[PDB]
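Asker: before the rest arrives, take these chains from my complex:
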Amino acid sequence: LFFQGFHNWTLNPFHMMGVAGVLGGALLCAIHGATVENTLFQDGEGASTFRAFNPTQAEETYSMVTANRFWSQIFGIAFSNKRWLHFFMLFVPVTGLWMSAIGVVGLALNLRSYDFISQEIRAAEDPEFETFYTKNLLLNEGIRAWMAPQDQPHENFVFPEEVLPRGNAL
Amino acid sequence: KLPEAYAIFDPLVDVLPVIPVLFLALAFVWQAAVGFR
Amino acid sequence: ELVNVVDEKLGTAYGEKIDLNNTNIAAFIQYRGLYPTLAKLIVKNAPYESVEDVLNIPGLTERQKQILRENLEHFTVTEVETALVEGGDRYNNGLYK
Amino acid sequence: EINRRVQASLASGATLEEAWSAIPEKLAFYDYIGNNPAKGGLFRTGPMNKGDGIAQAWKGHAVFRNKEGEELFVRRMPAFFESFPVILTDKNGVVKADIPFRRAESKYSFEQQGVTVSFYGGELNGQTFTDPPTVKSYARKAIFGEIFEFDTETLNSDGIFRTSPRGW
Amino acid sequence: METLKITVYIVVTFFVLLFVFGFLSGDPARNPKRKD
């Protein structure tokens, strides 16, 4: 929450690439596991299909072919190369994490993607102009002023009541 | 509170609603004993 | 030439006394005997030419006149500021705790 | 360092005007957060001059007093904060004035505390302002440290801090 | 507006009945292995 209020870290494209890598990775993890579990070959008589795999069998245990036709028809594209598929599964989450690291290096220096200059110039001049971007900075501003004195005790911040930012009633 | 003549079983009753849970725990003791067959 | 009229009003007695013409009703709680009953009367019968007009509010019991007398030195009057009296803001100005 | 010099200019006789006029502009300009490299932004491009402008002159050291003649101190903005409120204090740290957000219960407004700003040294040396909006305006800048006059037109400066070559 | 409302009512009912009758038309039998 510090990073939201002080760095506006959600606005940062390196965090965004990280989000896409973590969520993209979870997606891959789920979609790949589910696809194998539902393109299985019938290699045993039992209703528990786990028994019918042998770690030293040479044969693939699920149909890449049926998997590919399925996803091609449902989604439009599908994997056809098992090797590329599993490399992609390494690639996506590793890269996302690497991108977010870069952005936190920027924040070591308060080198933030805090603002969009064009929005601020318009909103300074045009008090009817309002976006979700301006709405969220008000929130960051509340966060900073309300958490700073207890969160940074060494600064001896004394904010009297009248200086705290607050909307109506609350 | 309960009617007085049952005053007695007050602490048994504080425990009764959890007994249905015990039956699920119990199914795992049974399967541990039979070897998860 | 562009002034914030509220800030400017903090430079007047409005900034140090209860302003019988402008101050929200919650301020009448800082002196005893005044809230809710006299506060309600003062606000409804505003505005006042000078502080001593409060005693000419019709219906005052002599006990009420005594409390007002007791407290006249905590009152003032400045010109009515539209911004502080419109919107029922003297009864509820948006401020709670 | 700046205060070490004023303090010693004054023990050694000089007036307030004289002790601060002795402060080189180059040293005063270091004592300004717009040259703090930790005040930039990733996509705020170009030279620092594109933000706050081209520094022209030190305006003077600003001294705030309330109506009791107490000297008050603007709490300086820390580098972490994009915005920061305006809070004045006495030599002991007690809040004696601020710019309120909610006005209706404010007790420390500049209007109520009769705050004035006087300038020693620089362009505004020996000038005092009492009108509340002007005093507030220099107070808003004093959180950045020492107060400078900028040319914002030459580069069409947008007024937002950028980082330095040290930062980049 | 009422023209629009009638039109949408028609379009939606049409698609919903395609769905209802499509699945009522021996859907279990449309598989690759065993048909009833």
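Answerer: Done, it's in. Numbering: from 1, shown residues only, chains lettered A, B, ... in the order given.

Asker: contacts and neighbour counts: CA atoms only from here.
Answerer: Will do.

Asker: assign the residue in chain C positioned nearest to chain A to helix, strand or coil.
Answerer: Of all residues in chain C, residue C:94 sits closest to chain A, at 4.7 Å by Cα to the nearest Cα. What DSSP: H, G, I helix; E, B strand; the rest coil gives for residue C:94 is coil.

Asker: you'd agree it is up against residue C:24?
Answerer: No - contact criterion Cα atoms under 8 Å: residue C:94 and residue C:24 do not qualify, at 10.1 Å.

Asker: of those two, which one has the most company?
Answerer: Between residue C:94 and residue C:24, counted using other Cα atoms under 10 Å in any protein chain shown, residue C:24 has the larger neighbour count: 23 against 14.

Asker: the more buried one touches residue C:89, doesn't it?
Answerer: Yes - contact criterion Cα under 8 Å: residue C:24 and residue C:89 qualify, at 6.8 Å.

Asker: quick check: the closest residue to residue C:40 other than its chain neighbours vs residue C:90, distance?
Answerer: Closest residue to residue C:40 apart from its sequence neighbours, by Cα to Cα, 6 or more residues apart in numbering or on different chains: residue C:25 at 7.5 Å. Between residue C:25 and residue C:90 the computed distance is 6 Å (Cα to Cα, to the nearest Å).

Asker: please enumerate the shared neighbours of the two.
Answerer: Residues touching both residue C:25 and residue C:90 by Cα atoms under 8 Å, 6 or more residues apart in numbering or on different chains: residue C:43.

Asker: show me which residues of chain D sit near chain A.
Answerer: Residues of chain D lying close to chain A by Cα under 8 Å from any Cα of the partner chain are D:37-44, D:80-83, D:85, D:87, D:95, D:98-103, D:105-107, D:163, D:167.

Asker: go ahead and place chain F:
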Amino acid sequence: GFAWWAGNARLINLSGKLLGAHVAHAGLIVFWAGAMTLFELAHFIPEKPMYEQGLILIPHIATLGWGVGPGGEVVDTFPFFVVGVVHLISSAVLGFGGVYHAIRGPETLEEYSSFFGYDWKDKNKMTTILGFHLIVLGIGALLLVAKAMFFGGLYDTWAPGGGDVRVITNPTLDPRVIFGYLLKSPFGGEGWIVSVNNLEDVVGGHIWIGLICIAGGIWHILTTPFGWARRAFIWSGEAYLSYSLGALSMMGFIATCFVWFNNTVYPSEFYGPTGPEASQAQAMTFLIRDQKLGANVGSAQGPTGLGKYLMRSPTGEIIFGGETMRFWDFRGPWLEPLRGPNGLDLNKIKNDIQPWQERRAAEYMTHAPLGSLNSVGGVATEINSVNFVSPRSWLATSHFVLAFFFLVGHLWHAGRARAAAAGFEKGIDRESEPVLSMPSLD
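Answerer: Below, chain F sits with the chains from the block before:
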């Protein structure tokens, strides 16, 4: 063929052991109804609103007219005890049939008697079992009608004078009303069957449903499915379970909304106010407070230009202002006296608000269904002090969760049932892969 972790699938064609499973599980249900009720009574304190006390079963009993009088004042706790005991006792009998049929009785039933035995694929036998249960269900719904009309009435939050138990002498029979509900929009201001706001309509609909259920029960005993139904459905035990899982899921979602919005068959006196109710009560509370101080609440313009206390809805009704504008469809017995035909009547607001309405609003506002998981009441930034989560939050969330998983369970079992019926639930035949005999897409 099933592993230990899917071991209950081993009962599918063992009708005797599966009967024991169902009856023993039915005992667990009756056990908890009984035990939970007695736990609540043990902990019940009558001077405290029920909804300050974590009660979900006592409120269901009070609502049927037992143990309470005017205002939901608890008058007599014995009915609560009775309900618990008889449930707790009855579960032993069901426990007993359960373990007997599951462990000792005949594994399969159809050889013992040809009446109780069944084959899942016997479409006739299955609709007959269906019919018996339909008639049972129909009987149950008429039990509610009997209590309402012949054995004491129901608690009526709307009863004039603050709520009271009342016998229902004129149940709504008009099908334009009863089935009218089933065709109202589920959206706001309409609210489908959740908006039912009087006990005449509740009793009347239970007459219809009882009769409908008996009728259909006899229908299904007497018939066999038609060919269009034969060809559209999967006829197997798993398939039937999947059908019921979907129905349970749908019902659980409905109940969630019922307990969250309806203050008629979940009287607020017992369950706490609804979210909308509490939100309206705050606007009422400060409207009262401010008017007593002299504010003219009708003419008071708020920061935005909209009325600070009162504004119009999009169709013009006078309504409470502030964020609660969103809750103007709310109707509750403490509020309706202030309503004229344009909505809130300014002259009634000025002149006719009663102390009991000031009290009810203060109470409901301070008992809004907001609370932490560890039962600290109020908004999430509130300090510890008040030990409170509304029964409606507990009931809405629990059943949303349950309804959701039952939908997952429906998809799980419905898909499996399909694949098991066509014969590929265990995987693809390597020598007969359907896709390898299909033309390439491109």
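
Asker: the nearest residue to residue C:40 again please, chain F included this time.
Answerer: residue F:293 (5.5 Å).

Asker: just give the number of residues close to the one you found.
Answerer: Other residues close to residue F:293 by other Cα under 10 Å number 19.

Asker: can you pull up the most central residue in chain C?
Answerer: residue C:20 (2.6 Å; Cα atoms, centre = their mean).

Asker: residues in contact with it?
Answerer: Contact partners of residue C:20, counting by Cα under 8 Å, 6+ apart, are C:42, C:43, C:46, C:47, C:48, C:51, C:75, C:76, C:77.

Asker: could you measure from it over to residue C:81?
Answerer: With Cα to Cα as the criterion, residue C:20 and residue C:81 are 12 Å apart.

Asker: what does residue A:32 give?
Answerer: 69 Å.

Asker: in chain A, what residue lies closest to chain E?
Answerer: Counting by Cα to the nearest Cα, chain A gets nearest chain E through residue A:66, at 12.9 Å.

Asker: what about whichever strand or helix holds that residue, near chain F?
Answerer: Per DSSP states H and E, residue A:66 falls inside helix A:64-75. Yes - Helix A:64-75 reaches chain F (Cα under 8 Å from any Cα) through A:65, A:66, A:69.

Asker: for chain F, which segments count as helices?
Answerer: For chain F, the helices defined by DSSP state H cover F:15-43, F:58-63, F:78-99, F:123-149, F:175-183, F:199-222, F:227-232, F:237-261, F:268-271, F:275-292, F:346-351, F:355-365, F:391-422.

Asker: do chain C as well
Answerer: Counting by DSSP H, the helices of chain C are C:5-9, C:37-44, C:62-71, C:82-85.

Asker: from those, which stretch is densest packed?
Answerer: helix C:37-44 (a mean of 19; mean count of other Cα atoms under 10 Å in any protein chain shown).

Asker: sequence below should go in as chain G:
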Amino acid sequence: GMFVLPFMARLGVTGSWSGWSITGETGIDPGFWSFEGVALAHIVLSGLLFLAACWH
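Answerer: The block that follows adds chain G to the chains above:
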């Protein structure tokens, strides 16, 4: 520097769905064949022709 606006105006298209007309009259409802609807129709047409090109 309106290039195509006068070719619509020339053959009868004079108003916008926002309520103005090039004649200067406010409060006009042009129906579908406004400047906006003519532009839409050409985009839709362009997209249908694109698909026809793929088929052929």
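
Asker: I'd like the distance between the spatially closest residue to residue A:77 that is not a sequence neighbour and residue D:86.
Answerer: Of all residues not flanking residue A:77 in the chain, residue A:71 sits nearest, at 6.4 Å (Cα to Cα, 6+ apart). Distance, residue A:71 to residue D:86, by Cα to Cα: 60 Å.

Asker: got the buried residues for stretch A:19-37?
Answerer: For stretch A:19-37, the neighbour count (16 or more other Cα atoms under 10 Å in any protein chain shown) marks A:19, A:20, A:21, A:22, A:24, A:25, A:28, A:35 as buried.

Asker: how about the contacts made by the first one?
Answerer: Contacts were defined as Cα under 8 Å, 6+ apart; by that measure residue A:19 touches residue A:96.

Asker: what does the fifth one give?
Answerer: By Cα under 8 Å, 6+ apart, the residues touching residue A:24 are A:92, A:93.

Asker: quick one: residue D:73 is in a strand?
Answerer: Yes - judged by three-state DSSP, residue D:73 forms part of a strand.

Asker: residue F:301 is in contact with residue C:87, correct?
Answerer: Yes - when contacts are counted by Cα under 8 Å, residue C:87 is listed as touching residue F:301 (4.4 Å).

Asker: can you check which helix is longest in chain G?
Answerer: helix G:35-55.

Asker: the helix or strand hosting residue A:119: which residues count as buried?
Answerer: Using DSSP H and E, the element containing residue A:119 is helix A:117-125. Neighbour-count burial for helix A:117-125, counted by 16+ other Cα under 10 Å, picks out no residue.

Asker: residues in contact with the next helix or strand after that helix?
Answerer: Note on helix A:117-125: by DSSP H and E, the next helix or strand toward the C-terminus is helix A:132-151. Applying Cα under 8 Å, 6+ apart, the external contacts of helix A:132-151 come out as A:2, A:4-6, A:8, A:155-159, A:164-166, D:81, D:83.
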